[PDB]
Amino acid sequence: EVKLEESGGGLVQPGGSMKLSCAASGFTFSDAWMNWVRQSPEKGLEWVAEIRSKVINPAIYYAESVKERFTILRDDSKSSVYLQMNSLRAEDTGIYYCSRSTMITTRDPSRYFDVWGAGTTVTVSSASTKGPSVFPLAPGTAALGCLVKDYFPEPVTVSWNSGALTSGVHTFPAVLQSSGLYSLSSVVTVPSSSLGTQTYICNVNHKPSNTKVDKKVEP
Amino acid sequence: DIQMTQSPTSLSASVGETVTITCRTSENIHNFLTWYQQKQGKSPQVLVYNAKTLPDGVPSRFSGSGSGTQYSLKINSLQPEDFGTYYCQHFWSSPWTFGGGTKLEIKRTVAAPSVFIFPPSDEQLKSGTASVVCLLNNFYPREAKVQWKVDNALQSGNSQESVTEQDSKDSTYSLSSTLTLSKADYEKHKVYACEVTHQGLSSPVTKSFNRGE
Ligand code: NI
Ligand code: NI
């Protein structure tokens with residue numbers, strides 16, 4: 001039951017503000033050392049901040065690039081740690097992780113982040129949200145799919161016949177276009193003896209824009 | 001400041017091989033080095049702390065070693081559970097800086113790609129945009145060149161490609177290349193060819209389609 005659950009992420013304007021919350025249960029929280037880590041596809045993992053409990057020493061540490069702008073906070077009756085982010089930049093885009101360290105004392109032999117949270121996505125951008133335009137990709141073994149074009153921000157989730165297709169389904173990672181908008185392609189490889197007679201439906205869903213559109217693919 | 005370099009950056013190996021991963025430091029971190037594994041879409045989980053010690057549950061295939069500034073991560077007989085990204089992290093003193101990470105891939109036998117091409121849809125051809133998609137499936141290795149030919153004129157600056165992660169079923173790759181065009185330019189041209197060059201094929205294959213046919 002030892003688990004960290006992050007929340008508060010989403011899209012935000014440059015120079016904006018955002019408060020990431022991290023709830024915890026399954027362990028006595030009011031002496032654990034909590035750390036925030038972020039991950040972007042470019043720089044990989046990067047430590048952001050740490051807050052210790054009952055420590056006359058600094059007790060609060062920050063990465064150099066986030067001092068001044070960020071502030072880590074703690075409330076022990078709520079068993080949660082917070083990350084208030086201000087003057088947000090496109091740098092600061094990434095997946096933010098909450099994690100507990102194994103250090104109880106100033107220098108407790110045995111250091112590592114032993115429990116992680118699923119993570120919360122943070123997107124810093126000036127572009128407004130947009131639902132996707134879903135276009136069909138029409139046709140031994142055949143292939144067909146969909147073109148999920150021009151949406152923002154990530155993510156968009158794609159399923160076929162409502163979670164009914166498993167093997168051969170390939171949903172490619174989203175690529176940013178010159179217009180600053182994302183598209184995406186999901187393709188399914190089916191035996192050639194099943195085209196048309198069986199209906200293949202394309203379940204696109206973009207929760208940032210409250211979009212839910214399904215388009216039939218027909219040869 | 002305490003930089004940390006990690007080597008290599010990418011690495012491929014078969015099931016059953018042994019792989020060594022290096023994490024160099026700009027200082028004698030003594031022995032407070034931690035290694036993590038991160039699989040696609042999941043959170044990292046510790047493999048080794050204190051350079052050599054393995055926490056509970058981590059198989060004994062993993063072993064760390066080294067001291068001072070050179071440190072190594074080691075895997076005897078890679079079983080298929082072990083192909084994500086590996087980060088090193090020092091805990092000598094805050095800030096707890098991370099290493100650049102090493103992506104680790106399975107290496108199977110060569111597999112040629114199956115090539116499909118898709119013309120734009122009339123639905124899409126009602127709004128002024130035209131995207132032509134060339135699909136590649138279940139090939140290895142991942143390095144593949146996709147060139148677009150419009151009226152047999154080599155194309156540049158208007159193609160965008162995307163690769164999928166190593167597949168779990170058979171450790172193959174997939175690629176879509178999308179030729180983005182304006183509608184007026186699409187209606188101007190006829191022969192749209194996608195030429196694929198890959199290790200697994202002996203001759204560069206081409207898939208085409210006529211807009212009018
Ligand atoms: Ni020393
Ligand atoms: Ni032209």
# chains A, B, ... in the order shown; residues from 1 in each chain; ligands from 1
$ interface_residues --of "chain A" --to "chain B" --cutoff "8 Å" --atoms "only C-alpha atoms" --output "MDAnalysis selection string"
chainID A and resid 43:47 61:63 97 110:119 135:139 143 170:175 185
$ residues_around --residues "residue 196 (chain B)" --least-positions-apart "6" --cutoff "7 Å" --atoms "only C-alpha atoms" --output "list in words"
residues 145, 146, 147, 204, 205 and 206 of chain B
$ select_by_dssp --residues "region 122-216 of chain A" --states "strand (DSSP E)" --output "number ranges by chain"
A: 122-124, 133-137, 141-151, 157-160, 170-171, 175-176, 182-191, 200-206, 211-216
$ closest_atom_pairs --of "chain B" --to "ligand 2" --cutoff "7 Å" --atoms "only C-alpha atoms and all ligand atoms" --output "tab-separated table"
residue	atom	partner	partner_atom_place_in_ligand_line	distance
B:185	CA	ligand 2	1 (Ni)	5.3
B:188	CA	ligand 2	1 (Ni)	6.5
B:189	CA	ligand 2	1 (Ni)	6.8
$ residues_around --residues "residue 156 (chain A)" --least-positions-apart "2" --cutoff "12 Å" --atoms "only C-alpha atoms" --output "MDAnalysis selection string"
chainID A and resid 130:134 147:154 158:159 171:175 182:186 203:213
$ residues_near_ligand --ligand "ligand 1" --cutoff "12 Å" --atoms "only C-alpha atoms and all ligand atoms" --output "count of residues only"
12
$ residues_around --residues "residue 122 (chain A)" --least-positions-apart "6" --cutoff "9 Å" --atoms "only C-alpha atoms" --output "list in words"
residues 8, 9, 10, 11, 12, 18, 92, 93, 94, 95 and 96 of chain A
$ residues_around --residues "residue 25 (chain A)" --least-positions-apart "5" --cutoff "8 Å" --atoms "only C-alpha atoms" --output "ChimeraX atom specification"
/A:1-4,79
$ write_last_selection --atoms "N, CA, C and O atoms" --output "PDB file, in the first residue's frame"
ATOM      1  N   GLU A   1       0.844  -1.228   0.000  1.00  0.00           N
ATOM      2  CA  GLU A   1       0.000   0.000   0.000  1.00  0.00           C
ATOM      3  C   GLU A   1       0.865   1.258   0.000  1.00  0.00           C
ATOM      4  O   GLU A   1       0.352   2.373  -0.107  1.00  0.00           O
ATOM      5  N   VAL A   2       2.177   1.080   0.123  1.00  0.00           N
ATOM      6  CA  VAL A   2       3.102   2.208   0.055  1.00  0.00           C
ATOM      7  C   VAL A   2       3.015   2.795  -1.350  1.00  0.00           C
ATOM      8  O   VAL A   2       3.499   2.191  -2.311  1.00  0.00           O
ATOM      9  N   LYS A   3       2.400   3.969  -1.478  1.00  0.00           N
ATOM     10  CA  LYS A   3       2.179   4.546  -2.795  1.00  0.00           C
ATOM     11  C   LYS A   3       2.202   6.064  -2.724  1.00  0.00           C
ATOM     12  O   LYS A   3       1.776   6.664  -1.734  1.00  0.00           O
ATOM     13  N   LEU A   4       2.708   6.673  -3.794  1.00  0.00           N
ATOM     14  CA  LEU A   4       2.659   8.114  -3.994  1.00  0.00           C
ATOM     15  C   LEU A   4       1.737   8.391  -5.172  1.00  0.00           C
ATOM     16  O   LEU A   4       1.843   7.732  -6.211  1.00  0.00           O
ATOM     17  N   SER A  79      -0.531  14.563   5.096  1.00  0.00           N
ATOM     18  CA  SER A  79       0.302  13.499   4.539  1.00  0.00           C
ATOM     19  C   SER A  79       0.559  13.729   3.052  1.00  0.00           C
ATOM     20  O   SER A  79       0.383  12.838   2.218  1.00  0.00           O
TER      21      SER A  79
END
$ residues_around --residues "residue 112 (chain B)" --least-positions-apart "6" --cutoff "7 Å" --atoms "only C-alpha atoms" --output "list in words"
residues 139, 140, 198, 200 and 201 of chain B
$ write_last_selection --atoms "C-alpha atoms" --output "short mmCIF file (atom, residue, chain, number, x, y, z; two decimals), in the first residue's frame"
data_model
loop_
_atom_site.label_atom_id
_atom_site.label_comp_id
_atom_site.auth_asym_id
_atom_site.auth_seq_id
_atom_site.Cartn_x
_atom_site.Cartn_y
_atom_site.Cartn_z
CA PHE B 139 11.46 -4.90 -39.29
CA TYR B 140 14.86 -4.92 -37.60
CA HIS B 198 16.67 -1.51 -45.32
CA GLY B 200 16.75 -6.89 -44.61
CA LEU B 201 15.83 -6.19 -48.23
#
$ residues_around --residues "residue 148 (chain B)" --least-positions-apart "4" --cutoff "7 Å" --atoms "only C-alpha atoms" --output "PyMOL selection string"
chain B and resi 154-155+193-195
$ write_last_selection --atoms "C-alpha atoms" --output "short mmCIF file (atom, residue, chain, number, x, y, z; two decimals), in the first residue's frame"
data_model
loop_
_atom_site.label_atom_id
_atom_site.label_comp_id
_atom_site.auth_asym_id
_atom_site.auth_seq_id
_atom_site.Cartn_x
_atom_site.Cartn_y
_atom_site.Cartn_z
CA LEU B 154 13.26 13.36 -54.87
CA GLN B 155 11.45 15.14 -52.04
CA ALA B 193 6.17 6.83 -54.56
CA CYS B 194 7.64 5.70 -51.24
CA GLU B 195 11.06 4.04 -51.55
#
$ atom_distance --atom1 "CA of residue 80 (chain B)" --atom2 "CA of residue 22 (chain B)"
20.9 Å
$ select_by_dssp --residues "chain B" --states "alpha helix (DSSP H)" --output "number ranges by chain"
B: 183-188
$ closest_residue --among "A:162, A:102, A:189, A:128" --to "residue 32 (chain A)" --atoms "only C-alpha atoms"
A:102
